[PDB]
Amino acid sequence: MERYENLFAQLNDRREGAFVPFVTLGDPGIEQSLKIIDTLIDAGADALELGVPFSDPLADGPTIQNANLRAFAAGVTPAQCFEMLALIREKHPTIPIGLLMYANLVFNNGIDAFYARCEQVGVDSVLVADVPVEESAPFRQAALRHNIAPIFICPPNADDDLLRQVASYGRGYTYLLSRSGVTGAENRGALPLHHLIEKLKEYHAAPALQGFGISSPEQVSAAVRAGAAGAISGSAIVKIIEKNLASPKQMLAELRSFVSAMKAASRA
Amino acid sequence: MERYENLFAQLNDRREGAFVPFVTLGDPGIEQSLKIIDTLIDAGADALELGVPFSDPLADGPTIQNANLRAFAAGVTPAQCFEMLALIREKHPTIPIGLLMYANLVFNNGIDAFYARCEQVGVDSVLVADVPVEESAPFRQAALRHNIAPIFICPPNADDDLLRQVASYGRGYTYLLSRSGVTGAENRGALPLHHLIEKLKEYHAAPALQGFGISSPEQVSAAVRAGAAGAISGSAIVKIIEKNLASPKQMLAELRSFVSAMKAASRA
Amino acid sequence: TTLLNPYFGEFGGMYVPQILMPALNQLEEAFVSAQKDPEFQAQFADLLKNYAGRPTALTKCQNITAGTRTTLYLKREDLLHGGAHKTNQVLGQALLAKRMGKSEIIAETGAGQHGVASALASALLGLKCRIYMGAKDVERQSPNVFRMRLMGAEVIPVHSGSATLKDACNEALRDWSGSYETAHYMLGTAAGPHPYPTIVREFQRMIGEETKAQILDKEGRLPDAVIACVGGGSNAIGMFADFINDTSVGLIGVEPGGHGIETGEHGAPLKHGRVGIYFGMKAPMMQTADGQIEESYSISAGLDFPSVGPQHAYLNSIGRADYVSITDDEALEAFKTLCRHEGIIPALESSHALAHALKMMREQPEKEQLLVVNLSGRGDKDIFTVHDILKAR
Amino acid sequence: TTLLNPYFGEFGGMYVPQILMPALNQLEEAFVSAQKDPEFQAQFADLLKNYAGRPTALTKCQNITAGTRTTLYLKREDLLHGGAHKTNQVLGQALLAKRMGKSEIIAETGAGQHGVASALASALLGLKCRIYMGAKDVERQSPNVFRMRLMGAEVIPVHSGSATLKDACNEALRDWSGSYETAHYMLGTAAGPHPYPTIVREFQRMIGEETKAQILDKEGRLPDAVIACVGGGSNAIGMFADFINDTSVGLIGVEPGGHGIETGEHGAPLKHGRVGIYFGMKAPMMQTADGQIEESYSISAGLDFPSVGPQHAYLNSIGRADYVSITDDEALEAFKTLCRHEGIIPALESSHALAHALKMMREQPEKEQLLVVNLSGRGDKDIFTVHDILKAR
Ligand SMILES: O=P(O)(O)OCCNS(=O)(=O)c1ccc(OC(F)(F)F)cc1
Ligand SMILES: O=P(O)(O)OCCNS(=O)(=O)c1ccc(OC(F)(F)F)cc1
Ligand SMILES: *Cc1c(COP(=O)(O)O)cnc(C)c1O
Ligand SMILES: *Cc1c(COP(=O)(O)O)cnc(C)c1O
Ligand SMILES: N[C@@H](Cc1c[nH]c2ccccc12)C(=O)O
Ligand SMILES: N[C@@H](Cc1c[nH]c2ccccc12)C(=O)O
Ligand SMILES: N[C@@H](Cc1c[nH]c2ccccc12)C(=O)O
Ligand SMILES: N[C@@H](Cc1c[nH]c2ccccc12)C(=O)O
Ligand SMILES: [Cl-]
Ligand SMILES: [Cl-]
Ligand SMILES: [Cl-]
Ligand SMILES: [Cl-]
Ligand SMILES: [Cl-]
Ligand SMILES: [Cl-]
Ligand SMILES: [Cl-]
Ligand SMILES: [Cl-]
Ligand SMILES: [Cs+]
Ligand SMILES: [Cs+]
Ligand SMILES: [Cs+]
Ligand SMILES: [Cs+]
Ligand SMILES: [Cs+]
Ligand SMILES: [Cs+]
Ligand SMILES: [Cs+]
Ligand SMILES: [Cs+]
Ligand SMILES: [Cs+]
Ligand SMILES: [Cs+]
């Protein structure tokens, strides 16, 4: 399928940025997670980034470490995550769905077989957080064989060789890292990225989504103004889940308000 | 101690043969076995031959195979047998006590330590049924260090070299085998043995006791007439135990009658 | 006094009742004489070739090692008449019986394979054969008992002790104690009192001699290791003997691990037992703390014995041979793998040796190694056992 | 692009987030440069000699091998400053940090021995040290935590995942992801992403180089085998490296068997795990069927990790090194034996290597063999653990 290409063409025709929330699948349980994801979509999410709970999420700060732990406390397995993904796609035919994976969960039962299962349930992209471009070959090859976009990371300190590699190998979107460190709303990126955004377009890269530390509407607007196609927010969304574990109704209301405000900031 | 030497000197002064029953220790249980052994002594046994139950008694026919099995069904162990031997000696200070062992029970916790335990409980001899003179050195050396007589077998087909070996190495008594095969009352020896008895005396052997297939008073008398110092009977005694398992009282009465008759046949 | 050394270092000897020493001395003298007699050797060679079908094939197994640096050959004792290596030494011992002028054979059996081998040799060579078998084994091995009776042998169930192989071993020696002037005891493995460990090795050593010639012809070198299962020790010492002086050749014996060494339900006395004296020998034993002979266990009846031949204990002690164990489940997997990938149904005994070779390959798949497994027998006899286990899973 | 091969056959690599690749490339370049720099080598040699006390003794242990044909030497890394071999490589990595112009050190620790080693090197060489330790390990290792704080290091408990060593490994990499321009990550073993397996080997290889010189001086030959415990792989590869090209020398690595391999409560991924990708490397892992990283177990905290360095996995795959396991109970017996017969209190880690050498001797006591055990550390730290187990028996 071409779900990212179709999304970005439609947003380009509206001079509009993408707003892409991240959540951990099955946080705080399978049923509540499915309700959370439908609320994110209804409130204006353009695409999703969905984490499979992993024992050792070494690119994640405490907020998403704790989301992984809540999903494990609910007994969530990768098999249950793929059942959730099939049902999300059965409800929502066009929204691009990206997975946030760690290498062992992709390699575990065979890299090719992992990407074949992603294609079967209707996933559009996979980002393997602990596979740098140097180690990416079997992952990106299996992704492309199964119509999955391999998502590459463009760090703030990217040199020209890395920009050309990320631009050539990637599909779907290019992940534009705000900053060094790990995921977290408590740490905001304070480096201008418009130069990297311009070099990525010059090299015909997949459209850029800015991610890490995006927690406010002004940051979504700023990402679009800098030339990015949109912005990803995870910890800020997951903090609303963590704060409202005792009130599932208030959790969905606060997620709706937050996603609505973040999506409004993307509009022309 | 000198219990066999003292016994044979006393019997020689009365022109009398020794009658020596065999039983399996703890057949059919520890308490009944102790009563059986006291009955054998009271009825006129001059010495005892006592078997320690062993998993693989390969010199024994079915009667004594089945005695071993009854003792095992009662949970009888070698440790319990040595407790019985200590109590037999505590009751009966002069009767010679011989053990019928298989090699593994002697070797198990160290040959020297086995014979040291025999000395401690007041055993007088050990016959290791599956150790021929060729393998006897560590057994006979440990026996003599601990004042235990090592009992050697003189088969009916013994050549002059074997007669001289048995005569030199043995103490206490020389075991004069009636016949080939294994223990059993169902098989009587039908070879004259007076030539072997005469050669053993010429070589200053320990006094001969005839054993295997001795079940009748006339055989005890015949052994003495042939020049033997006495006779051993096992299967015939054990058959009385086997026949009377349901009447402990009748068992002791029949053992008394049998031992009395066998001992009477030894008298001048 | 003996013509040959009854010991392998501290192991072996002649721990029999005095009455049996002339029988052992007579047998040793007849064997030493036979080994110098070209006519005896020619009649043995003729039987081995024209009756049993020697030499046996050495099969290169390419499918099961594909994608590794292991080259695996199987020495095909499964193709010998009777379907196991036991046939080699029963023909030699039957000829020794005839050399001594004897007309009768006594044999023990557990799995029944030695009983059948003794019965077939006796039928061919005009000897009256009687076979002792523990009553529990008689009940479990109806097919082999029927084969023994078809060949005219008497099968005598043994009800004493644990009514299994050690009890049949005892009964055979009890009988021989009273009958050796007329009967030869055809002991079924490279164990028991001298001279049996020596005789059985020399009457099995053609396994290793042929293997050496075949591997040199095919590969131009000696194997890195030869691997054999160890029940009593005959097929393994038959494979090992001709390589003992080739110091570069590994000698690997595989004991049955049963349900696992830690369960105590195994048949691995060499590595997990205690030295004792039983069945005429000083050797590693499975035994209770107070010295009663213990019950062994294996999925394979041919390996299910609580002791081991003394030459294996000696080769282990000096570090010339290495001994390992393989569990029931590992053996069953090797059985299934050989059926599916080579079209050969191996004995479950032999499957223990194959399982260890497969582990040597799989653990270190880029290690260059030239291995020979002694495929001691065929596994037609085991398909009911394997069916029942796969069904119960 | 890299200066050196990041792989040992299929094992190893650089499985880190993209943000960390410049940190690994910088470290690799600084290491390659340092290895060619005589001044760097001279300052490292000076610290190893005058601060840490190299060379370490090679002790012949005659009482524990009496009556066998085993000759056993112990390489005495227990005598190194800090009481374990870890001191060697922390001094080298501290010098690399200074070469790159860095002022801060990050380190992970489980047992706390690497934390103490990192803290002492940092105190000596004027670096600010912060140590990540799983909260469960902090609770179990009060003495080592206090030693780290006495030496001026910051100790940061880690509460995420399983709150143990793998979780501290993750946290150290999270910190480095945001701090590598100022901080060096002093990884504690021969594992993790390239270039750490290579660096840690080269900064431990004096163990094997000294052993080779010492054994030649004392025995006039190479050892038949060198034996070392395997936690992450540093002391073992340090002993092995200088012998890899001496094809006659056995290389034996001993993984912790814990309560027994069959229980699943062990730390033996090389022989009983499954290849996975974690902690920056492709290596054998203990992991669930669906690929979560599993909990390892050993009586010895220094061996308690669910993976292993990639060079060990490679040496195993080609058959150059052999890997075995030793259970808690076997290690405890070896600990008691060395105390009573040699007056040396070994680390429970090192006791696993000694236990396997004692098994090599006891199984084949007439095999002539010249063995070296790497005594990776002293066991003063373990006397409470050993007291508690002997008390509970
Ligand atoms: O809003 P934040 O700060 O929580 O950021 C959320 C990001 N979630 S995600 O799935 O895009 C994401 C993307 C990349 C990650 O690591 C990598 F860069 F190393 F690959 C980790 C998570
Ligand atoms: O009366 P029987 O026929 O039952 O004979 C009883 C003999 N009991 S014993 O302890 O003397 C005895 C003596 C020797 C034995 O075997 C050996 F000769 F090989 F050593 C076995 C038992
Ligand atoms: C009898 C048998 C064995 C085991 O006996 P060994 O004497 O140890 O060789 C092994 N394999 C087969 C096929 C057998 O028949
Ligand atoms: C740390 C440690 C080990 C295990 O770590 P390796 O990297 O495998 O060497 C072993 N022994 C001691 C004494 C240790 O301190
Ligand atoms: N301090 C900012 C910018 C920065 C400095 N050095 C870096 C190296 C890599 C990435 C970002 C940076 C950050 O950590 O994000
Ligand atoms: N037939 C008798 C006598 C005999 C013949 N040959 C023997 C050999 C050994 C002992 C005794 C014999 C017996 O078996 O006892
Ligand atoms: N039980 C097997 C092999 C065997 C025969 N005799 C033995 C003695 C010891 C060990 C094994 C055996 C069989 O009878 O065919
Ligand atoms: N747990 C030990 C050794 C160690 C440190 N880091 C490791 C990484 C992997 C395996 C073991 C280790 C310690 O901290 O002293
Ligand atoms: Cl797409
Ligand atoms: Cl006396
Ligand atoms: Cl000897
Ligand atoms: Cl059957
Ligand atoms: Cl070897
Ligand atoms: Cl590779
Ligand atoms: Cl402690
Ligand atoms: Cl090797
Ligand atoms: Cs592209
Ligand atoms: Cs805007
Ligand atoms: Cs005498
Ligand atoms: Cs009389
Ligand atoms: Cs091959
Ligand atoms: Cs070899
Ligand atoms: Cs066995
Ligand atoms: Cs020694
Ligand atoms: Cs070697
Ligand atoms: Cs480990």
# chains A, B, ... in the order shown; residues from 1 in each chain; ligands from 1
>>> residues_around(residues="residue 227 of chain A", least_positions_apart="6", cutoff="10 Å", atoms="only C-alpha atoms", output="PDB file with N, CA, C and O atoms, in the first residue's frame")
ATOM      1  N   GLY A  17       0.445  20.268   8.250  1.00  0.00           N
ATOM      2  CA  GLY A  17       1.367  19.297   8.862  1.00  0.00           C
ATOM      3  C   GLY A  17       0.637  18.062   9.374  1.00  0.00           C
ATOM      4  O   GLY A  17      -0.563  18.114   9.637  1.00  0.00           O
ATOM      5  N   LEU A 193      16.686  22.963  13.100  1.00  0.00           N
ATOM      6  CA  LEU A 193      16.815  21.756  12.242  1.00  0.00           C
ATOM      7  C   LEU A 193      16.497  22.070  10.776  1.00  0.00           C
ATOM      8  O   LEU A 193      16.545  21.135   9.968  1.00  0.00           O
ATOM      9  N   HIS A 194      16.213  23.322  10.418  1.00  0.00           N
ATOM     10  CA  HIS A 194      15.788  23.677   9.038  1.00  0.00           C
ATOM     11  C   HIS A 194      16.878  23.300   8.022  1.00  0.00           C
ATOM     12  O   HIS A 194      16.503  22.919   6.898  1.00  0.00           O
ATOM     13  N   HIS A 195      18.167  23.379   8.380  1.00  0.00           N
ATOM     14  CA  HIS A 195      19.282  22.981   7.473  1.00  0.00           C
ATOM     15  C   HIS A 195      19.189  21.480   7.152  1.00  0.00           C
ATOM     16  O   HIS A 195      19.310  21.125   5.964  1.00  0.00           O
ATOM     17  N   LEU A 196      18.991  20.623   8.157  1.00  0.00           N
ATOM     18  CA  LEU A 196      18.837  19.159   7.937  1.00  0.00           C
ATOM     19  C   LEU A 196      17.582  18.918   7.093  1.00  0.00           C
ATOM     20  O   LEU A 196      17.630  18.100   6.172  1.00  0.00           O
ATOM     21  N   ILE A 197      16.492  19.624   7.383  1.00  0.00           N
ATOM     22  CA  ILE A 197      15.214  19.465   6.633  1.00  0.00           C
ATOM     23  C   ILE A 197      15.459  19.785   5.150  1.00  0.00           C
ATOM     24  O   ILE A 197      14.974  19.043   4.266  1.00  0.00           O
ATOM     25  N   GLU A 198      16.196  20.854   4.871  1.00  0.00           N
ATOM     26  CA  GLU A 198      16.489  21.298   3.484  1.00  0.00           C
ATOM     27  C   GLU A 198      17.392  20.276   2.772  1.00  0.00           C
ATOM     28  O   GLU A 198      17.088  19.935   1.606  1.00  0.00           O
ATOM     29  N   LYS A 201      15.384  17.159   1.803  1.00  0.00           N
ATOM     30  CA  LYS A 201      14.554  17.388   0.589  1.00  0.00           C
ATOM     31  C   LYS A 201      15.442  17.383  -0.658  1.00  0.00           C
ATOM     32  O   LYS A 201      15.025  16.822  -1.693  1.00  0.00           O
ATOM     33  N   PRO A 207       9.398  12.362   3.527  1.00  0.00           N
ATOM     34  CA  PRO A 207       9.120  13.585   4.280  1.00  0.00           C
ATOM     35  C   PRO A 207       9.503  13.478   5.765  1.00  0.00           C
ATOM     36  O   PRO A 207       9.349  12.415   6.344  1.00  0.00           O
ATOM     37  N   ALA A 208       9.986  14.574   6.359  1.00  0.00           N
ATOM     38  CA  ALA A 208      10.505  14.540   7.743  1.00  0.00           C
ATOM     39  C   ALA A 208       9.366  14.712   8.745  1.00  0.00           C
ATOM     40  O   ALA A 208       8.561  15.635   8.635  1.00  0.00           O
ATOM     41  N   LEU A 209       9.382  13.893   9.785  1.00  0.00           N
ATOM     42  CA  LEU A 209       8.582  14.121  11.005  1.00  0.00           C
ATOM     43  C   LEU A 209       9.564  14.373  12.139  1.00  0.00           C
ATOM     44  O   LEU A 209      10.432  13.526  12.382  1.00  0.00           O
TER      45      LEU A 209
END
>>> residues_around(residues="segment 347-360 of chain C", least_positions_apart="3", cutoff="6 Å", atoms="only C-alpha atoms", output="list in words")
residues 227, 228, 229, 254, 300, 326, 330, 331, 334, 335, 363, 375, 376, 377, 378 and 379 of chain C
>>> closest_atom_pairs(of="chain B", to="ligand 11", cutoff="12 Å", atoms="only C-alpha atoms and all ligand atoms", output="Markdown table")
| residue | atom | partner | partner_atom_place_in_ligand_line | distance |
| --- | --- | --- | --- | --- |
| B:134 | CA | ligand 11 | 1 (Cl) | 10.9 |
| B:135 | CA | ligand 11 | 1 (Cl) | 8.9 |
| B:136 | CA | ligand 11 | 1 (Cl) | 11.4 |
| B:137 | CA | ligand 11 | 1 (Cl) | 10.5 |
| B:138 | CA | ligand 11 | 1 (Cl) | 10.6 |
>>> interface_residues(of="chain C", to="chain B", cutoff="9 Å", atoms="only C-alpha atoms", output="NGL selection string")
:C and (1 or 13-22 or 160-162 or 166-167 or 169-171 or 173-179 or 275-280 or 289-294)
>>> write_last_selection(atoms="N, CA and C atoms", output="mmCIF file, in the first residue's frame")
data_model
loop_
_atom_site.group_PDB
_atom_site.id
_atom_site.type_symbol
_atom_site.label_atom_id
_atom_site.label_comp_id
_atom_site.auth_asym_id
_atom_site.auth_seq_id
_atom_site.Cartn_x
_atom_site.Cartn_y
_atom_site.Cartn_z
ATOM 1 N N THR C 1 46.669 -68.431 38.627
ATOM 2 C CA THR C 1 47.599 -68.052 37.524
ATOM 3 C C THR C 1 46.815 -67.954 36.214
ATOM 4 N N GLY C 13 39.291 -58.264 36.610
ATOM 5 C CA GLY C 13 39.481 -59.391 37.534
ATOM 6 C C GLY C 13 38.540 -60.542 37.264
ATOM 7 N N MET C 14 38.515 -61.466 38.226
ATOM 8 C CA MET C 14 37.815 -62.770 38.125
ATOM 9 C C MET C 14 37.077 -63.025 39.441
ATOM 10 N N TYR C 15 36.080 -62.205 39.734
ATOM 11 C CA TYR C 15 35.330 -62.275 41.008
ATOM 12 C C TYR C 15 34.179 -63.262 40.860
ATOM 13 N N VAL C 16 34.542 -64.530 40.763
ATOM 14 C CA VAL C 16 33.567 -65.638 40.678
ATOM 15 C C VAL C 16 33.807 -66.572 41.850
ATOM 16 N N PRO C 17 32.789 -67.357 42.239
ATOM 17 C CA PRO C 17 33.022 -68.442 43.181
ATOM 18 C C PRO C 17 34.165 -69.335 42.688
ATOM 19 N N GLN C 18 34.901 -69.872 43.658
ATOM 20 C CA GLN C 18 36.064 -70.747 43.391
ATOM 21 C C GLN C 18 35.693 -71.856 42.393
ATOM 22 N N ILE C 19 34.494 -72.419 42.533
ATOM 23 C CA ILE C 19 34.048 -73.537 41.654
ATOM 24 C C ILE C 19 34.159 -73.145 40.175
ATOM 25 N N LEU C 20 34.029 -71.864 39.829
ATOM 26 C CA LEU C 20 34.027 -71.429 38.405
ATOM 27 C C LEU C 20 35.427 -71.120 37.888
ATOM 28 N N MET C 21 36.452 -71.080 38.731
ATOM 29 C CA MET C 21 37.792 -70.690 38.238
ATOM 30 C C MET C 21 38.306 -71.661 37.169
ATOM 31 N N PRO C 22 38.136 -72.997 37.281
ATOM 32 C CA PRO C 22 38.582 -73.865 36.191
ATOM 33 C C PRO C 22 37.888 -73.589 34.848
ATOM 34 N N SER C 160 13.965 -64.288 40.331
ATOM 35 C CA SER C 160 14.731 -63.864 41.527
ATOM 36 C C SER C 160 15.157 -62.395 41.407
ATOM 37 N N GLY C 161 15.584 -61.821 42.534
ATOM 38 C CA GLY C 161 15.993 -60.409 42.634
ATOM 39 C C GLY C 161 14.998 -59.493 41.948
ATOM 40 N N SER C 162 15.455 -58.691 40.992
ATOM 41 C CA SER C 162 14.616 -57.677 40.300
ATOM 42 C C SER C 162 14.023 -58.224 38.990
ATOM 43 N N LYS C 166 20.323 -58.093 35.289
ATOM 44 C CA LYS C 166 21.368 -58.510 36.263
ATOM 45 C C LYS C 166 20.976 -59.867 36.857
ATOM 46 N N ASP C 167 19.687 -60.091 37.041
ATOM 47 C CA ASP C 167 19.177 -61.357 37.619
ATOM 48 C C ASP C 167 19.398 -62.514 36.645
ATOM 49 N N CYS C 169 21.881 -62.523 34.394
ATOM 50 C CA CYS C 169 23.354 -62.673 34.474
ATOM 51 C C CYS C 169 23.695 -63.630 35.620
ATOM 52 N N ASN C 170 23.091 -63.400 36.785
ATOM 53 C CA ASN C 170 23.351 -64.251 37.972
ATOM 54 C C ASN C 170 22.965 -65.695 37.660
ATOM 55 N N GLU C 171 21.783 -65.876 37.075
ATOM 56 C CA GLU C 171 21.231 -67.228 36.834
ATOM 57 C C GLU C 171 22.124 -67.969 35.842
ATOM 58 N N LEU C 173 25.333 -67.646 35.450
ATOM 59 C CA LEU C 173 26.542 -68.055 36.206
ATOM 60 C C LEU C 173 26.182 -69.182 37.176
ATOM 61 N N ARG C 174 25.011 -69.153 37.816
ATOM 62 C CA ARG C 174 24.575 -70.275 38.690
ATOM 63 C C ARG C 174 24.555 -71.579 37.887
ATOM 64 N N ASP C 175 23.951 -71.551 36.707
ATOM 65 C CA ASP C 175 23.850 -72.737 35.829
ATOM 66 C C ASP C 175 25.267 -73.186 35.475
ATOM 67 N N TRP C 176 26.098 -72.273 34.992
ATOM 68 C CA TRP C 176 27.468 -72.631 34.550
ATOM 69 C C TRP C 176 28.251 -73.258 35.707
ATOM 70 N N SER C 177 28.042 -72.774 36.936
ATOM 71 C CA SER C 177 28.706 -73.289 38.167
ATOM 72 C C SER C 177 28.527 -74.804 38.277
ATOM 73 N N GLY C 178 27.393 -75.318 37.797
ATOM 74 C CA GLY C 178 27.047 -76.745 37.873
ATOM 75 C C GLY C 178 27.149 -77.472 36.546
ATOM 76 N N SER C 179 27.525 -76.817 35.440
ATOM 77 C CA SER C 179 27.415 -77.433 34.090
ATOM 78 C C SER C 179 28.613 -77.171 33.167
ATOM 79 N N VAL C 275 32.631 -47.350 41.832
ATOM 80 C CA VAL C 275 33.285 -48.670 41.611
ATOM 81 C C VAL C 275 32.736 -49.663 42.639
ATOM 82 N N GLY C 276 32.441 -50.861 42.165
ATOM 83 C CA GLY C 276 31.997 -51.974 43.000
ATOM 84 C C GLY C 276 32.500 -53.276 42.419
ATOM 85 N N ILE C 277 32.076 -54.372 43.020
ATOM 86 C CA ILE C 277 32.427 -55.727 42.542
ATOM 87 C C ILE C 277 31.127 -56.485 42.332
ATOM 88 N N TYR C 278 30.847 -56.851 41.099
ATOM 89 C CA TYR C 278 29.606 -57.573 40.757
ATOM 90 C C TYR C 278 29.789 -58.151 39.356
ATOM 91 N N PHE C 279 29.089 -59.239 39.065
ATOM 92 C CA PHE C 279 29.145 -59.931 37.753
ATOM 93 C C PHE C 279 30.594 -60.270 37.415
ATOM 94 N N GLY C 280 31.368 -60.653 38.425
ATOM 95 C CA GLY C 280 32.706 -61.187 38.197
ATOM 96 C C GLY C 280 33.757 -60.126 37.984
ATOM 97 N N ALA C 289 23.660 -46.690 48.563
ATOM 98 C CA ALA C 289 24.707 -46.191 49.482
ATOM 99 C C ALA C 289 25.313 -47.368 50.249
ATOM 100 N N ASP C 290 24.520 -48.403 50.514
ATOM 101 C CA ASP C 290 25.015 -49.557 51.306
ATOM 102 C C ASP C 290 25.397 -50.751 50.422
ATOM 103 N N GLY C 291 25.482 -50.581 49.103
ATOM 104 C CA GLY C 291 26.174 -51.551 48.241
ATOM 105 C C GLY C 291 25.278 -52.594 47.612
ATOM 106 N N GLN C 292 23.970 -52.380 47.574
ATOM 107 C CA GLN C 292 23.076 -53.262 46.789
ATOM 108 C C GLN C 292 23.138 -52.776 45.343
ATOM 109 N N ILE C 293 23.003 -53.672 44.383
ATOM 110 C CA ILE C 293 23.096 -53.277 42.952
ATOM 111 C C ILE C 293 21.761 -52.628 42.584
ATOM 112 N N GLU C 294 21.845 -51.434 41.995
ATOM 113 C CA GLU C 294 20.680 -50.568 41.733
ATOM 114 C C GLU C 294 20.046 -50.915 40.390
#
>>> atom_distance(atom1="atom CA of residue 127 of chain B", atom2="atom CA of residue 52 of chain B")
11.3 Å
>>> select_by_dssp(residues="segment 81-287 of chain D", states="alpha helix (DSSP H)", output="PyMOL selection string")
chain D and resi 86-99+113-125+135-140+142-150+165-179+196-202+206-219+234-240+269-272
>>> residues_near_ligand(ligand="ligand 23", cutoff="7 Å", atoms="only C-alpha atoms and all ligand atoms", output="JSON, numbers by chain")
{"C": [230, 231, 232, 255, 256, 267, 268, 269, 303, 304, 305, 306, 307, 308]}
>>> residues_around(residues="residue 5 of chain A", least_positions_apart="5", cutoff="12 Å", atoms="only C-alpha atoms", output="PyMOL selection string")
chain A and resi 10-12+47+94-96+124-125+149+171-173+206-207+229
>>> closest_residue(among="D:274, D:218, D:147, D:49", to="chain C", atoms="only C-alpha atoms")
D:274
>>> atom_distance(atom1="atom 2 (P, counted along the ligand's line) of ligand 2", atom2="atom CA of residue 214 of chain B")
6.2 Å
>>> residues_near_ligand(ligand="ligand 18", cutoff="12 Å", atoms="only C-alpha atoms and all ligand atoms", output="ChimeraX atom specification")
/A:14-19,217-227,230,261-268
>>> atom_distance(atom1="atom 3 (O, counted along the ligand's line) of ligand 1", atom2="atom CA of residue 236 of chain A")
7.5 Å
>>> interface_residues(of="chain C", to="chain D", cutoff="8 Å", atoms="only C-alpha atoms", output="number ranges by chain")
C: 271, 316-320, 363-368
>>> write_last_selection(atoms="N, CA, C and O atoms", output="compact mmCIF listing (two decimals), in the first residue's frame")
# COMPACT_ATOMS: atom_id res chain seq x y z
N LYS C 271 30.35 -42.68 34.43
CA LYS C 271 30.55 -41.27 34.84
C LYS C 271 29.73 -40.94 36.10
O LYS C 271 30.11 -39.95 36.75
N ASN C 316 38.86 -44.59 30.25
CA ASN C 316 38.43 -43.31 30.84
C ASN C 316 39.48 -42.81 31.84
O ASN C 316 39.88 -41.65 31.80
N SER C 317 39.92 -43.68 32.74
CA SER C 317 40.77 -43.28 33.88
C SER C 317 42.07 -42.66 33.37
O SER C 317 42.57 -41.72 34.00
N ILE C 318 42.62 -43.18 32.28
CA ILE C 318 43.90 -42.67 31.71
C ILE C 318 43.66 -41.52 30.72
O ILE C 318 44.64 -41.00 30.17
N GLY C 319 42.39 -41.20 30.43
CA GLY C 319 42.07 -40.11 29.51
C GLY C 319 42.19 -40.49 28.04
O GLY C 319 42.14 -39.59 27.20
N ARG C 320 42.29 -41.76 27.71
CA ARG C 320 42.35 -42.16 26.29
C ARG C 320 40.96 -42.07 25.64
O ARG C 320 40.88 -41.68 24.47
N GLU C 363 26.61 -27.92 18.05
CA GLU C 363 27.18 -26.98 19.04
C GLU C 363 28.25 -26.13 18.38
O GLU C 363 28.41 -24.97 18.77
N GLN C 364 28.99 -26.69 17.44
CA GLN C 364 30.16 -26.04 16.82
C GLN C 364 30.11 -26.30 15.32
O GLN C 364 30.91 -27.06 14.79
N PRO C 365 29.14 -25.68 14.61
CA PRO C 365 28.88 -26.07 13.23
C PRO C 365 29.96 -25.67 12.22
O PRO C 365 29.95 -26.18 11.12
N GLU C 366 30.86 -24.78 12.60
CA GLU C 366 31.99 -24.38 11.73
C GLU C 366 33.28 -25.09 12.15
O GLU C 366 34.31 -24.82 11.56
N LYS C 367 33.21 -26.02 13.09
CA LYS C 367 34.38 -26.87 13.41
C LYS C 367 34.51 -27.96 12.35
O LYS C 367 33.55 -28.72 12.14
N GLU C 368 35.67 -28.05 11.71
CA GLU C 368 35.92 -29.14 10.75
C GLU C 368 36.13 -30.42 11.55
O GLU C 368 37.04 -30.48 12.38
>>> select_by_dssp(residues="segment 54-271 of chain C", states="strand (DSSP E)", output="PyMOL selection string")
chain C and resi 58-60+70-76+104-109+128-134+154-158+183-185+225-229+250-258
>>> closest_atom_pairs(of="chain C", to="ligand 12", cutoff="6 Å", atoms="only C-alpha atoms and all ligand atoms", output="Markdown table")
| residue | atom | partner | partner_atom_place_in_ligand_line | distance |
| --- | --- | --- | --- | --- |
| C:140 | CA | ligand 12 | 1 (Cl) | 5.8 |
| C:141 | CA | ligand 12 | 1 (Cl) | 4.6 |
| C:143 | CA | ligand 12 | 1 (Cl) | 5.9 |
